[PDB]
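Worksheet: the structure to be examined is printed underneath.
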Amino acid sequence: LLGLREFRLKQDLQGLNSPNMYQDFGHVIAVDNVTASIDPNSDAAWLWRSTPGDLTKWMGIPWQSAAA
Amino acid sequence: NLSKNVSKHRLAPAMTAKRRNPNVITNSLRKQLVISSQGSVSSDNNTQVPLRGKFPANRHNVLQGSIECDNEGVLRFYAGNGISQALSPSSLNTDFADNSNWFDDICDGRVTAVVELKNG
Amino acid sequence: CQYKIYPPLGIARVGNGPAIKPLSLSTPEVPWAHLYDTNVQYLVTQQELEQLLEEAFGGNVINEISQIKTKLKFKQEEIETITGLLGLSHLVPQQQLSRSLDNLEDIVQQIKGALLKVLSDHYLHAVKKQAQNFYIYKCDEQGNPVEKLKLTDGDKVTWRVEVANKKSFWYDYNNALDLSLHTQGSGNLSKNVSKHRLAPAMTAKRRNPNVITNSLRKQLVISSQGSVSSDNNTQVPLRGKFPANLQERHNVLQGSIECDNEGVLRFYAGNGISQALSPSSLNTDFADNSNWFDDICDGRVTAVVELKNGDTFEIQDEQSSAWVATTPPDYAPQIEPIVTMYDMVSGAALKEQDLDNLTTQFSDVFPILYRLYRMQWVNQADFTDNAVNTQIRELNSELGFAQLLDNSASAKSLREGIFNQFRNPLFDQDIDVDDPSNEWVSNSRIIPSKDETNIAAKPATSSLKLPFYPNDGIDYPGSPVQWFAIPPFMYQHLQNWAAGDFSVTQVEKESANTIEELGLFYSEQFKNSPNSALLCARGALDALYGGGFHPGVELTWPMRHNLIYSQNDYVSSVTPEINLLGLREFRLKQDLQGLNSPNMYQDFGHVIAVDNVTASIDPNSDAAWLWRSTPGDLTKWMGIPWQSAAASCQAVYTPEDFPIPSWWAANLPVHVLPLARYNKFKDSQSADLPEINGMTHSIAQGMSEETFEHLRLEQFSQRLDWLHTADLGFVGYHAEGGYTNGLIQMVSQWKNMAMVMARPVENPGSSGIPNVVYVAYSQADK
Amino acid sequence: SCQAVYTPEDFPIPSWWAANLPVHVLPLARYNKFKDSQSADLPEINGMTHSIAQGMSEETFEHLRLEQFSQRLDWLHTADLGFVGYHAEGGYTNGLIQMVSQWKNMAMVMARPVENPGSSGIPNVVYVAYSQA
Amino acid sequence: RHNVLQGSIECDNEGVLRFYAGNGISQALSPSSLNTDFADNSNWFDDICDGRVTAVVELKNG
Ligand SMILES: [Mg+2]
Ligand SMILES: [Mg+2]
C-alpha cells in the first residue's frame, strides 16, 4: 500500500531567532540560486534548512486568490 | 518525483521572480513584512493559547493559530480563521499568486517539547 | 578593399507623408547641422501640396481640358484621360480621384480645388518620412574613403536591400539581458551592474506562444527585398505579408527604395501602420502584444558597381556592406538625446579598466551640457527643476560661459560643482549596503512600483543626481540603476573636466561667451570637416537614443556591445584640434546569406535568458548567431507594435511632485511648448497686426511695456503634456484617460502627436524669451 | 469627477468647480522658487545657491521668478490618485477610487506673501497650494 | 467608408420573391471601439435591416 516511511524536515535549531530567518537572494530569485543551494556549504544552502514561514512562503498571497 | 528530461531538454524553463511588495527596501524594513508568533502549553493546564502576530510586524492583528494541551500530553494545533486582508481597501488581489499590500493568516513553523518526569 | 557603402547603419523613420523627395526629410549626414533652423517643416504643409498640384498641370493639361470644356458633368474615359495626365495615382488611389471629379458640374479650378481637397485630406499635416540616403565611396590602399563614386557614361550601380521584421516571432522584452552578463566592464556599462546584481536580467517567454514548432513560427516573420539601379529611378516597394507565406493575410509595406542617376540610394520606411489580426486584440502592454504586427523592419544593404570597361565590384562583405533599420518618428529632430546611439558605438570599443588612459577635451564634455540644456524644450524638469541648466543660464546672462572652459585651479570649484551633480555610472554612490549576499540599496529617491505597500517609505538621505530619467533597472525599487547615468566613458570625460585634466583651444574660448555661441561654433566645425563618409556614419546615429534601454526607442542593448560590430575603430578628431567625441569607422556583423541564412529563424526555445547571451559571446559557439545579424535582428527586440512602447515612453511619476522623471523626451517629448502659446508670445508690442499675442491691437498696446513682456513669459512658460496633444482616450465627458488607453489609441494617434520645430521670435525685447524657440505643432493646436 | 473635461481642442481647458475643487494650482515648490529677491542673504535663494542667484543679471533673476510662478500643477496630481509608480494606470476611475483616502492629502490653497516682487510681474499676494508639506 | 450588404433578392420564373439577409458582419469605424454594452455601442454598425416590399403585376393583355 505504498509503504510507511520515517521522514523529518531539515530544521534550523534557532527557529525564529535564526540569523537566516530573513535571508533572500536580492532583487530576483532564479534557478541559479537553487543550483547554488544544493551545495551544503554554500551561502545559499539555508534555503533547505527551514525556519518558521519557509514552507508556506512560496504560496499565493492571499491563498484565496490562488484557490479561485 | 521528477524526470531529468524536464531540465535536460528545457521542457518548462524556470522563470526569474521579482520580490513581492517591492517598494519596501532594505532587509531591515522588509522584516516588517514577516508575521510571526509563538507560544507554549503544558500538561498541567489545558487553557488554549493563541498564536497572534502583527502585520506590519514590529496595524492589524493576525491570528495564525491556537494551541491546546490536554492532561495526557497530546498537543492540538488549530490554524487561523481564514482572514486575508489588504492594508488598504482599494488594494485588490487580481493576481493568482502575487498581490502586494496583502497578508493572510497562513503559517508554518517549528514544534518542540520537553518531557519532565517526576523522578527529575 | 575598393568601394564601400555609407552609412554603415542607416536609419529611416516611419511617417504617413508620401515617399517622394519634396515632401520627405533626410536622415542627418552632418551632426548639428540644423539645430537653430527656424524654417524646418517636419509636417506636410499646405504650400507643399499646392506646389505639388501646380507641378502636375500642363503638361498640356490646361488645354487638354479646355478642349472638352467646348465638347460639352463628365464621363469616365473623359476623366480617366484627365487623371493619368496628373501623375497623382501614386499618391492617392485612382478611384478616389475619379469620385472627386464626379461631384463636379474656371473649370481648371474646380478641378484643382477638388484635387487639392483629396491631397489635403490624405497628407496635410502628415508626419513626413525621414528617408536615408546611402552612398558608395571609393576607397584606398587602406580602406579609407576618399570621395563618392562618380558615375561616367556606361557606369552602373545596382543596390540590393533585404529587410525583415521578427518582433512577432521573438521574445518578450522584460528588461535588458546584458544586465546580468559577466563582464570586465565597457565604456557603456560598468561591471558593477552585473557583479553586484543591481538589476538582474529576467527570463522572457515567446511572443505569440500559441504558434508552436519552428516551421509554423516562420509565418510570424515579415520580409521583403528589392533592387534598384542608376539606369532607372523608378521607386520599388518592399512589401511583405503577415502572416507570411484559408489564412487571412495582410500586406505590409516595410519600405520603398529609389536610386538616382548618380548612384545614390534613398530608402523610405513604412507608413506607420500597425494592426492586429483581429480587431478585438488590444495592445495593452508596452512591449509584448500577441496577434499584432507592425511595419518596422531592418536588414542588409549591398551593391555592385559595373564600370564601362567591364570591371565589376561586389559590395557584399561585412567590411563594406551596410545595414538599414526603421524606427518610430523623431518628434523633436533638433533636440538631441543626451546619450546617443553613436555614443554607444564609441563606448563599446572601450574597456572600463582603461578609462584612466582616456584623454579629454572640452569638446568631449560640451555635448553633455548642451544636450541637457536643450532638453528644456521637451521636458519640464529640464526647464524648471534642473540646477545645472539654471546655472548655465546664470553664466549666459553675464556672458560668462567661457569660465567652464578654464582648466585652471581658479575655476576648479566651478567645474566640480557641476560635475558633482551627475550620476556616477559605477552605480556605487548614494547607497547603503545590506550585509557588507551584499545588496546595494539606494539612499536617494527611488521610483516605486505601481504595486503599492502602505508602509512608510525610507526617507532619502542623498540628493537625486542628474539626469532625472529612468533607466534599465527601473523594475527594481531601490536599485541605483533605476535612474539613468551617462555611460562610464562619458562620465570619465566629465571627471577629467572637473579635475582640470582637459585641453581646449583659445579659439574655442573666444566663441564661448554663451552656450549658444559655442554650440554654433562647434556646429560649424562639423559642417566644414572634410570626412563626409564618417560624418554621414555618425549623423545617422547621433539623433538616436543611447539609453536607457527598456527597450528604448529605435534600437536596444545589443548595440552597446562590441560583439555586434565586425569593425569599430577610432580614426580621427572632427577637426585637427577639436575632437567633439570623434569620428569612427564601424560596421555591423552581418550574415552574408541574408534572408537565406539557415539562422534566419533561430531561437532559444521556450524562454530566452542571459545564459543564452553568455553562450553567444564565443564566436565559434552555436549561439554566436545572435550577434551575426540577419534581416530583422536589430528591431525584433523592440515593442510590438512600436506605438504602444512609445505611449509608454513618457513620464514615470514619483510620490514627490518634482522633478517629473521622463524616459526619452528628446525623441518622444513629454512636456512641450504648443503652437497656441507661441502665438501668444511671438509678437512685440509694436507689431502691425490687428491681433497681437492673442490680444486685440488696442489691448496689447494699452498695457505697460513691462506687463506686456510679463504676459509673453507666462505664455512661454505654459508647457503641455505631449500625451495631450492628440486624443489618447482622455477627451470627452467621463473619458477614462489613463496609461492603457494611451497605448491603445497611439496606434492611430501617433500621426497626430505634436511635432517640435524651431521657430523665430523676432523681437523678444526684455521678455527673456530666446530668439529661437522650439514649438510643438499638432491639430489639437491652437 | 469635479475637475477638467477635455475637448478635442487643447485650450481653454474646461473645469467644473475650480474655486472649491481646484484644477490647476501654484504649488509650494514653485512658491519657494520665486518668493525671494536677489538681495536675500540666504545660502539658497529661490532654489539656487547664493552664488548662482547673485551671479546672474537682475533681468534673468526676475525672469526665472516669473517662469516658476507660471508653473501650474494639475490638482489631481497633488497626491497619489493612482498615477504614481512604474506602469501606474492613472486615469479617471482610479482617481475616484483613491480620493476616498487621498482627499485629506490634496493640495490646499492659501494666500501667501511675496515681500519684494521687484519688476518680476508677480503680485504681492499669491495663492499657493500646500500638499503633504 | 464601409460597404454593408443588407440583403439579396431573387425572383424565379413563377414570380416568387426570395429575400436573403446579410452575412452577419458587424464592425466599428475604429478597431479600438469595443462593444461593451448589451445594446448601445457608439461607432458601430451592423448589417441588420428592415423595410418595404411592393410589386407590380403586368398581364399580357396590358
Ligand atoms: Mg529628438
Ligand atoms: Mg473656494
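Convention: chains lettered A, B, ... in C-alpha cells order; per-chain residue numbering from 1; ligands numbered from 1 as shown.
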
_Distance cut-off 12 Å, counting only C-alpha atoms - which residues of chain B neighbour chain C? Return them as a PyMOL selection string._
chain B and resi 9-33+55-57+59+86-95+98-103

Pull C-alpha atoms from the residues just selected and write them as a compact mmCIF listing (two decimals), in the first residue's frame.
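To be explicit, this is the file written out as selection-v9.txt:
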```txt
# COMPACT_ATOMS: atom_id res chain seq x y z
CA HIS B 9 15.51 19.16 -22.67
CA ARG B 10 14.31 22.57 -21.44
CA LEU B 11 10.68 21.44 -21.37
CA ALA B 12 9.47 24.15 -18.96
CA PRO B 13 12.23 26.64 -18.16
CA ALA B 14 12.30 28.12 -14.69
CA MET B 15 11.47 31.82 -14.71
CA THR B 16 13.05 34.59 -12.72
CA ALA B 17 10.85 36.07 -10.00
CA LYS B 18 10.83 39.56 -8.51
CA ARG B 19 10.15 40.47 -4.91
CA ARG B 20 6.64 40.82 -3.57
CA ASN B 21 5.93 44.24 -2.05
CA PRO B 22 8.98 45.57 -3.89
CA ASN B 23 8.58 49.15 -2.64
CA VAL B 24 9.75 48.07 0.83
CA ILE B 25 13.54 48.36 0.56
CA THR B 26 16.43 47.22 2.78
CA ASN B 27 16.36 43.91 4.61
CA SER B 28 15.71 45.67 7.93
CA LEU B 29 12.48 47.28 6.75
CA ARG B 30 11.37 44.14 4.91
CA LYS B 31 11.39 42.32 8.26
CA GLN B 32 8.09 44.17 8.84
CA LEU B 33 6.56 42.01 6.11
CA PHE B 55 1.18 42.91 10.18
CA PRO B 56 3.17 45.02 9.51
CA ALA B 57 5.32 43.46 12.25
CA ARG B 59 -1.54 47.79 12.11
CA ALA B 86 -5.02 44.35 2.39
CA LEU B 87 -3.59 47.37 4.14
CA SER B 88 -5.92 49.50 2.01
CA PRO B 89 -9.47 48.54 0.95
CA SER B 90 -8.72 49.63 -2.63
CA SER B 91 -5.78 47.19 -3.00
CA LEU B 92 -7.44 44.31 -4.84
CA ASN B 93 -5.95 40.82 -5.23
CA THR B 94 -6.19 40.46 -9.00
CA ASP B 95 -3.24 38.06 -9.46
CA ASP B 98 1.40 37.83 -6.07
CA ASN B 99 -0.64 40.68 -4.60
CA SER B 100 1.23 43.45 -2.85
CA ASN B 101 -0.20 45.09 0.28
CA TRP B 102 -1.88 41.81 1.29
CA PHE B 103 -1.47 39.49 4.25
```

#### Entry: Spatial neighbours of residue B:106, 12 Å, only C-alpha atoms, chain gap at least 4 places, as number ranges by chain
A: 52-64; B: 34-37, 51-53, 62-65, 78-84

Residues of chain D within 9 Å of chain B, using only C-alpha atoms, as a list in words?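 Taking only C-alpha atoms into account, residues 97, 98 and 101 of chain D sit within 9 Å of chain B.
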
Please produce, as a tab-separated table, a per-residue contact table for chain C versus ligand 1 (criterion: any atom at most 6 Å away, only C-alpha atoms and all ligand atoms considered), showing the nearest atom pair and its distance in Å to one decimal, sorted by chain then residue number.
```
residue	atom	partner	partner_atom_place_in_ligand_line	distance
C:330	CA	ligand 1	1 (Mg)	5.5
C:332	CA	ligand 1	1 (Mg)	4.1
C:333	CA	ligand 1	1 (Mg)	4.2
C:334	CA	ligand 1	1 (Mg)	5.7
C:335	CA	ligand 1	1 (Mg)	4.2
C:336	CA	ligand 1	1 (Mg)	4.8
C:666	CA	ligand 1	1 (Mg)	4.2
C:667	CA	ligand 1	1 (Mg)	3.7
```

Please return as a list in words the residues found within 9 Å of ligand 2, counting only C-alpha atoms and all ligand atoms.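 Counting only C-alpha atoms and all ligand atoms, the residues within 9 Å of ligand 2 come out as residues 17, 18, 19, 20, 21, 22 and 109 of chain D.
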
Separation of atom CA of residue C:525 and atom CA of residue C:508, in Å?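 Going from atom CA of residue C:525 over to atom CA of residue C:508 covers 10.7 Å.
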
When you get a sec, could you note down which chain C residues fall within 6 Å of chain D, using only C-alpha atoms, as number ranges by chain?
C: 394, 397, 448-450, 652-654, 714, 717, 731-733, 736-739, 780

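Taking atom CA of residue C:318 as the reference point, atom CA of residue C:574 is found at 25.0 Å.
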
Contacts of residue C:176 at 9 Å (only C-alpha atoms; same-chain gap of 6+ positions) as an mmCIF file with C-alpha atoms, in the first residue's frame:
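Wrote it out as selection.cif, contents follow:
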```
data_model
loop_
_atom_site.group_PDB
_atom_site.id
_atom_site.type_symbol
_atom_site.label_atom_id
_atom_site.label_comp_id
_atom_site.auth_asym_id
_atom_site.auth_seq_id
_atom_site.Cartn_x
_atom_site.Cartn_y
_atom_site.Cartn_z
ATOM 1 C CA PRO C 200 19.063 41.177 -12.674
ATOM 2 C CA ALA C 201 18.188 40.080 -16.172
ATOM 3 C CA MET C 202 14.780 38.440 -16.333
ATOM 4 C CA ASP C 472 17.456 49.899 -17.484
ATOM 5 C CA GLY C 473 16.845 48.918 -13.854
ATOM 6 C CA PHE C 549 17.076 50.529 -22.788
ATOM 7 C CA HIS C 550 13.700 49.300 -21.641
ATOM 8 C CA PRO C 551 13.784 48.575 -24.535
ATOM 9 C CA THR C 556 18.225 48.420 -27.771
ATOM 10 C CA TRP C 557 21.008 46.955 -25.667
ATOM 11 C CA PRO C 558 22.885 44.672 -28.131
#
```

Next on the checklist: Within 12 Å of chain C, which residues belong to chain E? Use only C-alpha atoms and report them as a ChimeraX atom specification.
Outcome noted: /E:1,26-36

Give me the residues within 12 Å of residue A:33 as a list in words, counting only C-alpha atoms and dropping any in the same chain fewer than 6 places off.
residues 24, 25, 26, 39, 42, 43, 44, 45, 46, 47 and 48 of chain A; 14, 16 and 17 of chain B; 437 of chain C

Margin query: Please compute the atom CA of residue E:47-atom CA of residue E:18 distance, one decimal, in Å.
Written below: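 So the answer is 17.9 Å.
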
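The residue set within 10 Å of residue C:386, counting only C-alpha atoms and dropping same-chain residues fewer than 6 places from it, reads residues 372, 373, 376, 380, 466, 467, 468 and 659 of chain C.
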